[PDB]
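Undergrad: Submitted below is the structure of interest, expressed as structure tokens.
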Amino acid sequence: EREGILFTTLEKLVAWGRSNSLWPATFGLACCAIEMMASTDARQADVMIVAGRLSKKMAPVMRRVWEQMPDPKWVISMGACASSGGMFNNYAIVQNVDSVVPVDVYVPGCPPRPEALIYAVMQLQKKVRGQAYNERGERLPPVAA
Amino acid sequence: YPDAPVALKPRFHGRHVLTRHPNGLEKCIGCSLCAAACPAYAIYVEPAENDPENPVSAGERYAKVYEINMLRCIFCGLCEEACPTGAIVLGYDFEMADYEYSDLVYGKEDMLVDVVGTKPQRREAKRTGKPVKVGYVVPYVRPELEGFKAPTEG
Amino acid sequence: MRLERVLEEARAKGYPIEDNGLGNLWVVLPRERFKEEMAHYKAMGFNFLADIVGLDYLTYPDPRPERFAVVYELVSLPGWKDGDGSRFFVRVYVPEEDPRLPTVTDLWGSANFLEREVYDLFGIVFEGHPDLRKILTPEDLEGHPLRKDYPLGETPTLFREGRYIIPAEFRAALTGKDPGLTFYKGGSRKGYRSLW
Amino acid sequence: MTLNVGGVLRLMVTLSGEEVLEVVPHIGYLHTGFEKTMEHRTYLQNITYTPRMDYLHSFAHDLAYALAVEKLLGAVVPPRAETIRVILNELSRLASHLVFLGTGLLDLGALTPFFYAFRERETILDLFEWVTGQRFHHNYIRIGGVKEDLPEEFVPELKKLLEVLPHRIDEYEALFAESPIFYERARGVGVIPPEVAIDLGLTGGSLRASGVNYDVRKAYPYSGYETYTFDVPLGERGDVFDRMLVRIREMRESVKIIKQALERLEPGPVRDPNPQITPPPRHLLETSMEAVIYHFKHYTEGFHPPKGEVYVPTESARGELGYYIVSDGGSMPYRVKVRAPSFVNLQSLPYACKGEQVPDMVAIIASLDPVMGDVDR
Amino acid sequence: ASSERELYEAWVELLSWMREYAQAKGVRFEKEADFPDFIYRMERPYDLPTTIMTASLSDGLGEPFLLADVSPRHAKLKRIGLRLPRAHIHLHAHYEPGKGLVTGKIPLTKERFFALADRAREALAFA
Amino acid sequence: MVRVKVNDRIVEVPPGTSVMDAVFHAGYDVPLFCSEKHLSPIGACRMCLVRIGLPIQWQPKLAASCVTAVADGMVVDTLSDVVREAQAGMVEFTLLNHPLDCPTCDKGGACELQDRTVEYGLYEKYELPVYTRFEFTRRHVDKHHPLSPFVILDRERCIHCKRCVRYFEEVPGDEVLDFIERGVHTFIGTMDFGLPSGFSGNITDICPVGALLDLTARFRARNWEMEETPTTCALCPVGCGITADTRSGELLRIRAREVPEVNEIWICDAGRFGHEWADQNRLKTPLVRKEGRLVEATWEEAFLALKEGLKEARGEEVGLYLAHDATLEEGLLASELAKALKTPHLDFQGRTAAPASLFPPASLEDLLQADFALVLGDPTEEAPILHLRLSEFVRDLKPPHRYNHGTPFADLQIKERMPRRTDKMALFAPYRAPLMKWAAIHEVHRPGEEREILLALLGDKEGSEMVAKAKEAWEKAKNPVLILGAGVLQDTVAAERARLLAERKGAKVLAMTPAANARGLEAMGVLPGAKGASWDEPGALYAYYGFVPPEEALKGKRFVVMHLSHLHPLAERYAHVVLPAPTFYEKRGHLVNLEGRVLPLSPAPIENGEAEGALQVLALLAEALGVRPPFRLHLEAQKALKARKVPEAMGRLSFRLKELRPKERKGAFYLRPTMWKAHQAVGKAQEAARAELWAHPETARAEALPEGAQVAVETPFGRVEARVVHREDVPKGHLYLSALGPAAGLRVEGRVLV
Ligand code: SF4
Ligand code: SF4
Ligand code: SF4
Ligand code: SF4
Ligand code: SF4
Ligand code: SF4
Ligand code: FES
């Protein structure tokens, strides 16, 4: 069954389906928090967007926030501090939020322009449609679980 | 407004670009000065000795490997500032989100002036056979981006 | 002018007076006399307590009395009754083996959050604080970050093909106690200052 | 009955009934640790690390720091740089405030007035992009003066916005002054006794909102504020109603600093031409061996300030701010203690909202205008 | 004057003879150094004909027996120079109007250049 | 001592002191280009100028502080506007004709000229500052030109100090570099093209700018980008402090680490340019034999496969063979593993018939202080740095005083072009040895004949004239020192007479052992037992190897485990379980010097792959043999050594040992001890670490051997191709083979295949 035109052509329908019923749930931290409240102002939830330096004290928290979510779910990482440790390489900051949660898309910027974070979700958008590959040529799995 | 292109100022800090002279030589002389001033340790440089017959730059030194981690990068323009040659100059691109951490480390060939599009843009525009459409417009190009043809209708 | 009455007093009483040509001045009190002497300072008209800055001197090129020291910033708000605007710093060196130093909690209420940060980040204990609890550093973190011999905790940054960078092995910038990349350092790179 | 309510701040509000027994705050959630990681960077490199704490009125951190250093090695800020630094500083003040004001226009239901506050700010930020190429964290201030000169388009555009603000700020004062609901919302709540604010160090320009005349640009003048026409707003009894208003008044006095400084703007240099402190002119890097040596040396291992300790206090949109820099004669700073206005400001929040209601306790914090970046850093 | 441009024009040609004699008598021609006023010229304009400021004719060991150079665009008293390294003999070619490239009063033709390079090659070249 | 007052600070300081040292000694500073630790000072750059007061009676002109002595009650001003104006001017005269390469130049942030310019130049006169005054055509000359395959020369950057040419004349003594023309026209050049001496890499660390640079490492990274790993060089017994520079796992460049007690600030060329091979081709996983061939196996699959080949083994049939550069810890465990597991045969790659522990170790210090120097062997090749302590010893130089800043910057004691004393030493070697020049009493013998020369010196026979003048010299010698290396230490006869001569006269010895950690492994009891099976004698039946032995010792054995780092052809054909091992560059622990000093090894961030140190591999092969080992890791191993009571870093460990196992000599061939080691013939060291065959021009051409032909040759130690050389100093009818391993100073059979 799982690999049969029928099944597959459902799960491609379902994906295209919640490819548009994506419900961003922003998770503001520092400076990045405010630069997203400029894209929210311009237009139960899946797709947490991590926006700012994730402290080590703050980490176990964002952990639970993420766990206690529905299941078809995705994470976006906003700017340098979420993506890598940022310019902040030290005892107090997590060096890639992917240490704690599966990052689906990464968006460079410090902070990233509002209009770039739009592009960021058009990416994760076209990714849950399962229409996205990396630079090696491989097709990428819609959800990181 | 992913329908109407966003106007950014000509000074904006976008995807780094490496430039060439008219001669066509690359401006870069792999001195690794840009990397040395980077507060975020996001530039890696491996130098190389020019080939007298087939030159890359002007001196006796050009940049074999030139790599910037776009995740580490903060976008100061400190690198553009430390450069002695006018080689590394931040440009305009910003639409450069992606999925796999190590795909976002741009290379010399992602940044040369001739290049048009960010890594993800060109890649998608690869498996699609459709030209790259940038999402920006600028009143004009800085003098420092001499060559970098981009959407400047203003 | 409330400040001259501090200085005229420390001069007679054997307190060292520190002065840089830039606009700040200190007065270094011994361990014992610190407690009470400071209470006397508020009574003298010293309204507001600006900051309290902890200092670790372990990797300092020139030698100092003891390893740790705390600095306070006492002021008299110019926006009140008879405020001068007399401000100044008071310093107390504190032994490496005895991180003990009384609280100013009785006197100034600012010293609340400010003393706990100096305790969290430097290992310095304050006799009689309402509750000496960590402030900024995660609960389970062991030790005291802001003091010299505790690792910045860096990670190598990564690039394409086994190409990494270790910041601690990359920094071109010298660090006071460092002789540098040639044999020695002297001249303007031993410390430099213009002559306005 | 102890409830655990927790911007990115967490509060252990102990409360039986409906009053408020004691609020015990817990911070450390945006603790990036700037003060340690800065003992490990150039003086030039730290100019990227200052804007990231108060990311709202960020330029004040830039300036506060540049100030303590310039003093330290003795640099002369060119007239044109001094001028551009106050225009720029205050243009950033309005950005922070506009936000505090904006967050208020929503607790208050006023919606078209807010959709405007956002548009103002966006027009301030585009100006920043015009000269610095960024919305924030502009690497523009320098130890000598400023990174580069400002573009041709900047004056004409600053004129547009400096033209519609004058009465614009008044309009906001109006909606809050003629306080329909606001009165019954903020007037009584959040008691700040003049003489207790001066005990807990609530420098926050919501200090003068409770009858204290202390603004550092006046008491300890710095970047040539010493020579500007300057009104320091005050508030009667330290409630939240006055705190909200004080900040709106501060907006005019900013706008006036701007106009005033904008006049005395004549062409010239923009940073101290001292070779020891400032990298050589760009064009002669193709001619002077000395230039090259200087340039090369400058950008690798920085310059070396003398062994000594310094502190200059400055005024932000949140109170006293200033860096305590211990120099050891190196390429990097030996200690960098930042006076967080927002950190001391919060010790005055347990008292602020004690015995009061509860849903009020939102506005009772918003009025203290805290930015976590500042408190935690 | 505009001589500066015609002198640089003449720098190209001397270089031309160098590359010729080089391939011809099968001896290493080595570009010794580029103009830093090109390498470090940034957005700034550059109209010079070449980017090579110091040339040489070296032997098998690579030790040169002939060295050539012209002065940068920003330096004073521009001359083009010829030096026989190790034999203490320096030349200074200027540029006169109508006359052409001169070492004072004697014209510096291809022929005369070839003569010097030969003398040098036979005498100086170690291998 | 004498009282000097620098600026506002007064200091004690011995009479001979350079004002430059007295200045730095008070904690001050001054521009300093042409002077160098351990070189003759001359005021040539004119940078170190001070003002001198001497009664206050300021002298009228400014003094070169580096060549001015200090007088009692003297004042030295280094801050006056008169001083500083002069300095900034002298910095300007330097940068005047300089090229403008800083970004492109490999002399990066480690360039004295750069640092001194930003320190003392561009003088503040009391708006727009003037950076450059000189506006003419700078000096244009020869650029980027290699002097040797190890050294590349930029003449345009040279600042005419004398650091290099001075050094060649003074320290190793090989005048292969000098200036040429004069005026503004002068330059550095050579006529001895190769760059002859084996100490030519040192000019690399001295040259104050990037004229003379290390080509082995051209264009790799900027100096700050390199992570620097201080350790010891284990390529021989001297154990010079070094610095290993690395970026991203690969080995970039070797430099010298000052360590005045032993080598001062000098490295030998093999010590510094033979790193090509340690980062280039290497075995990264454990190998095991399956179908007549080896294949990839985890450490898991290889710990079992190792339990197999040894389950069928009695504990007395076990061999424990380490390499010459094994750590002091790796030798202690192996001693204990072989003690509990009662075996007679456990040995190390370089072990000498006569133990170096026989003799009382002498400190390099002692050598400078000694009166007579009796030498049998070639220091140049056996223990290269000894060449350089003898250059100092010959000149009568003695251990400098130690200031606050350590070794003096301007030792007035070193005069330039000093006379060399030929009455102070005597050399005895199978050839015209290098330092035989600085020795009156010199005589060229033939291989393994020292046995007889030594008998003569005792006083029981009749040696040649030289050997008589030499006996008489050691006779009148007041406190002489004995140095001896190959044949003496490899031949029980000589070595026994050796230790006797030096016993009668209370004098210490320098054993130039062919094994690097020789004196220390011996100190750990890593010497074979009664049985006999030595590192070259195929004896045991199941054995561990820390190297590649003679093909003769492998062939036969039932189980073999080679713990190599690279893959030899002799292992991929006779080996059962091969294990990746780390080089000494990436090891950790201690060694012991040819002078008995214990030196530390620190681990470079090089590409180890899945490699584990012999300390681990040994513990792992002790399990598969029964007893659980007493050593796991370095921290804990440290307690065991500290138990036997071996002194901390830098301390000397006294340990004598009377016992010697002789072996006969099939004298046809001689393994001429060489500096370059055989596994360094990679890349650039490719041509310099090739092998050689030396014979007298008659016998040479008698056995059909042209002066420059590529001959194949076979020994008990393997088949090696080799260039053939005519030498009138080689004893007739013998052939000298380049012993490019730790099997130097040996006599063996073999012949020339055609
Ligand atoms: S990435 Fe930059 S803008 Fe975003 S939280 Fe980090 S410092 Fe702030
Ligand atoms: S913009 Fe700044 S953070 Fe980015 S590569 Fe350049 S120097 Fe580094
Ligand atoms: S971009 Fe500029 S600074 Fe960076 S290596 Fe190239 S020339 Fe040097
Ligand atoms: S030798 Fe020193 S001054 Fe000369 S180009 Fe090289 S780094 Fe610059
Ligand atoms: S090549 Fe270097 S060490 Fe030799 S004289 Fe020139 S500057 Fe001095
Ligand atoms: S003399 Fe020996 S220890 Fe010293 S550098 Fe040479 S090989 Fe290494
Ligand atoms: S003259 Fe060169 S250092 Fe004394």
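Please note that chains go A, B, ... in the order of the structure tokens, that every chain numbers its residues from 1, and that ligands are numbered from 1 in the order shown.
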Given a cut-off of 6 Å, which residues of chain A touch chain D, counting only C-alpha atoms, written out as a PyMOL selection string?
TA: chain A and resi 31+55+57-58+92
Undergrad: Could you pull the residues within 8 Å of segment 106-120 of chain C, counting only C-alpha atoms, minus those fewer than 5 positions along the same chain, as a PyMOL selection string?
TA: (chain C and resi 39+42+48-54+125-126+129+132-137+144) or (chain D and resi 199-201+343-344+347)
Undergrad: Need the shell around segment 113-120 of chain B: protein/DNA/RNA residues with any atom at most 9 Å away, counting only C-alpha atoms. Skip same-chain ones fewer than 4 positions apart. Format as a list in words?
TA: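 Returned residues: residues 134 and 135 of chain A; 15, 17, 18, 19, 20, 93, 94, 95, 96, 97, 98, 103, 104, 106, 109, 124, 125, 132, 133, 134, 145, 146, 147, 148, 149 and 150 of chain B.
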Undergrad: Using only C-alpha atoms and all ligand atoms, find each protein or nucleic acid residue lying at most 9 Å from ligand 3; present the set as number ranges by chain.
TA: B: 18-19, 27-37, 43, 45-47, 62-63, 66, 79-89; E: 40; F: 103-104
Undergrad: Kindly save the residues from that selection, with C-alpha atoms included, as an mmCIF file, in the first residue's frame.
TA:
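Output (selection_12.cif):
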```cif
data_model
loop_
_atom_site.group_PDB
_atom_site.id
_atom_site.type_symbol
_atom_site.label_atom_id
_atom_site.label_comp_id
_atom_site.auth_asym_id
_atom_site.auth_seq_id
_atom_site.Cartn_x
_atom_site.Cartn_y
_atom_site.Cartn_z
ATOM 1 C CA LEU B 18 33.522 39.442 -4.889
ATOM 2 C CA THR B 19 34.408 41.828 -7.730
ATOM 3 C CA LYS B 27 40.129 41.868 -7.353
ATOM 4 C CA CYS B 28 40.928 39.395 -4.567
ATOM 5 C CA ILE B 29 44.585 38.715 -3.580
ATOM 6 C CA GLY B 30 43.823 36.110 -0.876
ATOM 7 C CA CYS B 31 45.344 38.209 1.867
ATOM 8 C CA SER B 32 42.673 36.989 4.277
ATOM 9 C CA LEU B 33 42.361 40.457 5.846
ATOM 10 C CA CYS B 34 38.541 40.380 5.645
ATOM 11 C CA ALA B 35 38.445 37.140 7.515
ATOM 12 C CA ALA B 36 40.770 38.543 10.130
ATOM 13 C CA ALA B 37 38.456 41.454 10.991
ATOM 14 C CA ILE B 43 35.318 33.672 6.743
ATOM 15 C CA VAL B 45 40.654 31.642 3.376
ATOM 16 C CA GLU B 46 43.185 29.418 1.566
ATOM 17 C CA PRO B 47 45.665 31.366 -0.609
ATOM 18 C CA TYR B 62 45.114 34.814 -5.243
ATOM 19 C CA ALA B 63 42.327 33.072 -3.278
ATOM 20 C CA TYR B 66 37.123 31.567 -0.247
ATOM 21 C CA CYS B 79 35.068 42.706 5.909
ATOM 22 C CA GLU B 80 34.245 45.021 3.034
ATOM 23 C CA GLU B 81 35.868 47.673 5.171
ATOM 24 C CA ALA B 82 39.140 45.843 5.888
ATOM 25 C CA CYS B 83 39.668 44.818 2.279
ATOM 26 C CA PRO B 84 42.622 46.547 0.523
ATOM 27 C CA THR B 85 41.445 45.844 -2.975
ATOM 28 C CA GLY B 86 37.724 46.483 -3.043
ATOM 29 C CA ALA B 87 37.173 42.744 -3.484
ATOM 30 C CA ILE B 88 34.548 41.717 -0.922
ATOM 31 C CA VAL B 89 31.622 44.166 -1.039
ATOM 32 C CA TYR E 40 45.377 48.418 -4.481
ATOM 33 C CA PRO F 103 48.768 41.872 2.349
ATOM 34 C CA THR F 104 50.432 39.559 -0.142
#
```
Undergrad: Compute the chain B side of the contact with chain C at 8 Å, counting only C-alpha atoms, and hand it back as a list in words.
TA: residues 36, 41, 42, 44, 67, 68, 69, 72, 102 and 105 of chain B
Undergrad: Hey, which residues come within 9 Å of ligand 4 if we count only C-alpha atoms and all ligand atoms? Could you give them as a count of residues only?
TA: 34
Undergrad: For a quick check of understanding, using only C-alpha atoms, which of E:19, E:41, E:121, E:76 has the smallest distance to chain D?
TA: E:41
Undergrad: Within 10 Å of residue 48 of chain E, counting only C-alpha atoms, which residues qualify if same-chain residues fewer than 5 places away don't, as number ranges by chain?
TA: E: 5, 8-9, 12, 38, 73
Undergrad: As a quick test: using only C-alpha atoms and all ligand atoms, which residues lie no more than 7 Å away from ligand 7? Give them as a ChimeraX atom specification.
TA: /F:31-35,42-49,64-67
Undergrad: Among segment 6-248 of chain D, which residues carry a DSSP assignment of strand (DSSP E), reported as a PyMOL selection string?
TA: chain D and resi 10-14+22-26
